[PDB]
$ cat target.csv   # CSV, C-alpha atoms
chain,number,residue,atom,x,y,z
A,2,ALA,CA,-15.4,-10.7,-30.4
A,3,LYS,CA,-17.2,-7.9,-28.6
A,4,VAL,CA,-17.9,-4.7,-30.5
A,5,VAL,CA,-16.9,-2.6,-27.4
A,6,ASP,CA,-14.7,-4.0,-24.6
A,7,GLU,CA,-13.1,-2.7,-21.5
A,8,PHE,CA,-10.0,-1.4,-23.4
A,9,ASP,CA,-12.1,0.8,-25.7
A,10,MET,CA,-14.5,1.7,-22.8
A,11,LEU,CA,-11.6,3.2,-20.8
A,12,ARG,CA,-10.0,4.6,-24.0
A,13,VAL,CA,-13.1,6.9,-24.4
A,14,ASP,CA,-12.8,8.0,-20.7
A,15,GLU,CA,-9.1,7.8,-20.2
A,16,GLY,CA,-7.2,8.8,-23.3
A,17,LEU,CA,-5.2,6.2,-25.3
A,18,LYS,CA,-1.5,7.2,-25.7
A,19,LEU,CA,0.9,5.3,-27.9
A,20,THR,CA,3.7,7.8,-27.1
A,21,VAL,CA,4.9,8.9,-23.7
A,22,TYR,CA,2.7,11.8,-22.6
A,23,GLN,CA,3.4,14.4,-19.9
A,24,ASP,CA,0.4,16.0,-18.2
A,25,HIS,CA,-0.1,19.2,-16.3
A,26,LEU,CA,1.5,17.8,-13.1
A,27,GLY,CA,4.5,16.7,-15.1
A,28,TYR,CA,3.7,13.0,-14.7
A,29,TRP,CA,4.8,10.8,-17.6
A,30,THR,CA,2.1,8.4,-18.9
A,31,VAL,CA,1.6,5.9,-21.8
A,32,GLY,CA,-1.2,3.6,-22.9
A,33,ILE,CA,-4.5,3.6,-21.2
A,34,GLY,CA,-3.6,5.9,-18.3
A,35,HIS,CA,-0.6,3.8,-17.2
A,36,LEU,CA,1.5,6.0,-15.0
A,37,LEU,CA,5.2,5.4,-15.8
A,38,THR,CA,6.7,7.9,-13.4
A,39,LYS,CA,5.9,11.2,-11.7
A,40,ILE,CA,9.4,12.6,-12.0
A,41,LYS,CA,9.7,15.2,-14.8
A,42,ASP,CA,12.4,13.1,-16.6
A,43,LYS,CA,11.6,11.7,-20.0
A,44,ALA,CA,14.6,9.4,-20.1
A,45,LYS,CA,13.6,7.5,-16.9
A,46,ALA,CA,10.0,7.4,-18.2
A,47,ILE,CA,11.2,5.7,-21.4
A,48,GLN,CA,13.6,3.5,-19.4
A,49,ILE,CA,10.7,2.3,-17.3
A,50,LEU,CA,8.7,1.7,-20.4
A,51,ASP,CA,11.6,-0.4,-21.8
A,52,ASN,CA,11.7,-2.7,-18.8
A,53,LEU,CA,7.9,-3.1,-18.8
A,54,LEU,CA,7.9,-4.0,-22.5
A,55,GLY,CA,10.4,-6.4,-24.0
A,56,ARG,CA,12.1,-3.9,-26.4
A,57,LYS,CA,14.2,-0.7,-26.5
A,58,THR,CA,11.3,1.6,-27.3
A,59,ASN,CA,12.0,5.2,-28.0
A,60,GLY,CA,8.8,6.3,-26.4
A,61,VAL,CA,6.5,4.9,-29.1
A,62,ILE,CA,4.5,1.7,-28.6
A,63,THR,CA,2.0,-0.3,-30.5
A,64,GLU,CA,-1.7,-0.8,-29.7
A,65,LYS,CA,-1.0,-4.4,-29.1
A,66,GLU,CA,1.5,-3.5,-26.3
A,67,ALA,CA,-0.9,-0.9,-24.9
A,68,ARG,CA,-3.5,-3.7,-24.6
A,69,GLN,CA,-0.9,-5.8,-22.8
A,70,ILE,CA,-0.2,-3.1,-20.3
A,71,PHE,CA,-3.9,-2.4,-19.9
A,72,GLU,CA,-4.7,-6.1,-19.4
A,73,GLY,CA,-2.2,-6.0,-16.5
A,74,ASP,CA,-3.9,-3.0,-15.0
A,75,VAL,CA,-7.3,-4.7,-15.3
A,76,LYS,CA,-6.0,-7.9,-13.6
A,77,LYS,CA,-5.0,-5.6,-10.7
A,78,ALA,CA,-8.3,-3.8,-10.7
A,79,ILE,CA,-10.2,-7.1,-10.4
A,80,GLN,CA,-7.8,-8.2,-7.7
A,81,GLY,CA,-8.6,-5.0,-5.8
A,82,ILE,CA,-12.3,-5.5,-6.2
A,83,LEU,CA,-12.4,-9.1,-5.2
A,84,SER,CA,-10.0,-8.4,-2.3
A,85,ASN,CA,-12.3,-5.6,-1.0
A,86,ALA,CA,-15.0,-6.7,1.5
A,87,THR,CA,-17.4,-4.1,0.1
A,88,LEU,CA,-17.0,-4.5,-3.6
A,89,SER,CA,-16.4,-8.2,-3.8
A,90,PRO,CA,-20.0,-9.4,-3.5
A,91,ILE,CA,-21.2,-6.9,-6.1
A,92,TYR,CA,-18.6,-8.0,-8.6
A,93,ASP,CA,-19.8,-11.6,-8.2
A,94,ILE,CA,-23.5,-11.0,-9.2
A,95,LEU,CA,-22.7,-8.5,-12.0
A,96,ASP,CA,-22.6,-9.6,-15.6
A,97,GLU,CA,-19.7,-9.0,-17.9
A,98,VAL,CA,-20.7,-5.6,-19.2
A,99,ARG,CA,-21.7,-4.2,-15.8
A,100,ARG,CA,-18.4,-5.6,-14.4
A,101,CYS,CA,-16.5,-3.4,-16.8
A,102,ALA,CA,-18.4,-0.4,-15.5
A,103,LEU,CA,-17.4,-1.2,-11.9
A,104,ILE,CA,-13.8,-1.6,-13.0
A,105,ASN,CA,-14.1,1.8,-14.8
A,106,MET,CA,-15.0,3.4,-11.5
A,107,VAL,CA,-12.0,1.7,-9.8
A,108,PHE,CA,-9.8,3.1,-12.6
A,109,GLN,CA,-10.9,6.7,-12.0
A,110,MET,CA,-11.1,6.6,-8.2
A,111,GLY,CA,-9.4,3.9,-6.1
A,112,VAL,CA,-10.9,0.8,-4.7
A,113,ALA,CA,-11.4,2.7,-1.5
A,114,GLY,CA,-13.1,5.5,-3.4
A,115,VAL,CA,-15.6,3.2,-5.1
A,116,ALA,CA,-16.3,1.5,-1.8
A,117,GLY,CA,-17.5,4.8,-0.6
A,118,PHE,CA,-20.8,4.5,-2.6
A,119,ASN,CA,-22.5,2.6,0.2
A,120,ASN,CA,-26.1,3.1,-0.8
A,121,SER,CA,-25.5,3.0,-4.5
A,122,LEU,CA,-23.5,-0.3,-4.2
A,123,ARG,CA,-26.4,-1.9,-2.3
A,124,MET,CA,-28.7,-1.0,-5.2
A,125,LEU,CA,-26.3,-2.6,-7.7
A,126,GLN,CA,-25.8,-5.7,-5.5
A,127,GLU,CA,-29.6,-6.2,-5.7
A,128,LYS,CA,-29.7,-5.8,-9.5
A,129,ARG,CA,-31.9,-2.7,-8.8
A,130,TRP,CA,-30.6,-0.8,-11.8
A,131,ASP,CA,-32.1,2.7,-12.4
A,132,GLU,CA,-32.5,3.1,-8.6
A,133,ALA,CA,-28.7,2.9,-8.5
A,134,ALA,CA,-28.4,5.3,-11.3
A,135,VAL,CA,-30.3,7.9,-9.4
A,136,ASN,CA,-28.1,7.5,-6.3
A,137,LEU,CA,-24.9,7.5,-8.4
A,138,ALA,CA,-26.0,10.7,-10.2
A,139,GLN,CA,-26.3,12.5,-6.8
A,140,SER,CA,-22.6,12.3,-6.0
A,141,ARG,CA,-19.4,14.2,-6.2
A,142,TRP,CA,-18.2,11.8,-8.9
A,143,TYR,CA,-21.1,13.0,-11.1
A,144,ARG,CA,-20.4,16.6,-10.3
A,145,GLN,CA,-16.7,16.6,-11.2
A,146,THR,CA,-17.0,14.3,-14.3
A,147,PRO,CA,-20.6,14.5,-15.5
A,148,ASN,CA,-20.0,13.1,-19.0
A,149,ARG,CA,-17.8,10.1,-17.9
A,150,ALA,CA,-20.3,9.5,-15.1
A,151,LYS,CA,-23.2,9.6,-17.5
A,152,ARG,CA,-21.7,6.9,-19.7
A,153,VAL,CA,-20.8,4.6,-16.8
A,154,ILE,CA,-24.2,5.0,-15.1
A,155,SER,CA,-25.9,4.3,-18.4
A,156,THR,CA,-23.9,1.1,-18.7
A,157,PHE,CA,-25.1,0.1,-15.3
A,158,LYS,CA,-28.7,0.8,-16.4
A,159,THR,CA,-28.7,-0.9,-19.7
A,160,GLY,CA,-25.8,-3.4,-19.7
A,161,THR,CA,-25.6,-2.8,-23.4
A,162,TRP,CA,-22.5,-0.7,-24.1
A,163,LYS,CA,-24.9,1.7,-25.8
A,164,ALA,CA,-23.2,4.7,-24.2
A,165,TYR,CA,-19.8,3.8,-25.9
A,166,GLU,CA,-21.2,2.9,-29.4
A,167,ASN,CA,-18.9,5.4,-31.1
A,168,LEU,CA,-17.2,7.2,-28.2
$ encode --input "target.csv" --output "structure tokens"
Amino acid sequence: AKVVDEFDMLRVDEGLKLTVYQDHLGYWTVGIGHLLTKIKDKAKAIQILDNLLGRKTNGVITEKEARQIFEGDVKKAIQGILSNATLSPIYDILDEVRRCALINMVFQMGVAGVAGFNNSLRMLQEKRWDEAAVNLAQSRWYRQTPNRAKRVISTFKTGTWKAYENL
């Protein structure tokens, strides 16, 4: 239906893994940045994956199942936004595309982290794009992850998925 959606948006930013993946901290992961466990044990990571999914996987999953796992994480991200006093009124007035960009921020940093952008959030709440992009660019989020921040901020400015046309 939509050329780019929230699953492919966060696939560009957060890698898509169809096999259990261990990062530098030893944390086991799968799908769109879905943390299975933080214990350096591959057998428990796969066991957790088996209970989440409905089969005896050997660490490998399909893209359909990764979208199922991700849709669950998105439902929880929306619940965290609508349950937050700061982020809830912004989510209401934002369109579908810009809603995905707010969820993207809640994926990287927590709901409490996104709620720290007091002035930038007021700019978004008032549909004052571009002014929000300037305040969001002057942030630690932009400093640590410039390229991911550029794509997300551009999405808030345009609302056109243009930054994610082809990763």
$ closest_residue --input "target.csv" --among "A:9, A:155, A:60, A:71" --to "residue 168 in chain A" --atoms "only C-alpha atoms"
A:9
$ atom_distance --input "target.csv" --atom1 "CA of residue 146 in chain A" --atom2 "CA of residue 3 in chain A"
26.4 Å
$ atom_distance --input "target.csv" --atom1 "CA of residue 79 in chain A" --atom2 "CA of residue 110 in chain A"
13.9 Å
$ closest_residue --input "target.csv" --among "A:42, A:6, A:131, A:14" --to "residue 150 in chain A" --atoms "all atoms listed in the file"
A:14
$ atom_distance --input "target.csv" --atom1 "CA of residue 126 in chain A" --atom2 "CA of residue 93 in chain A"
8.8 Å
$ closest_residue --input "target.csv" --among "A:40, A:98, A:49, A:10" --to "residue 23 in chain A" --atoms "only C-alpha atoms"
A:40
$ closest_residue --input "target.csv" --among "A:94, A:108, A:99, A:26" --to "residue 81 in chain A" --atoms "only C-alpha atoms"
A:108
$ closest_residue --input "target.csv" --among "A:112, A:25, A:152, A:66" --to "residue 84 in chain A" --atoms "only C-alpha atoms"
A:112
$ residues_around --input "target.csv" --residues "range 36-39 of chain A" --least-positions-apart "2" --cutoff "10 Å" --atoms "only C-alpha atoms" --output "JSON, numbers by chain"
{"A": [21, 22, 23, 24, 26, 27, 28, 29, 30, 31, 32, 33, 34, 41, 42, 43, 45, 46, 47, 48, 49, 50, 53]}
$ closest_residue --input "target.csv" --among "A:101, A:91, A:78, A:19" --to "residue 64 in chain A" --atoms "only C-alpha atoms"
A:19
$ residues_near_point --input "target.csv" --point "(-30.0, 4.2, -10.6)" --cutoff "8 Å" --atoms "all atoms listed in the file" --output "ChimeraX atom specification"
/A:121,124,129-138,154,157-158
$ residues_around --input "target.csv" --residues "residue 80 in chain A" --least-positions-apart "6" --cutoff "12 Å" --atoms "all atoms listed in the file" --output "PyMOL selection string"
chain A and resi 73-74+86+88-89+92+104+107+112
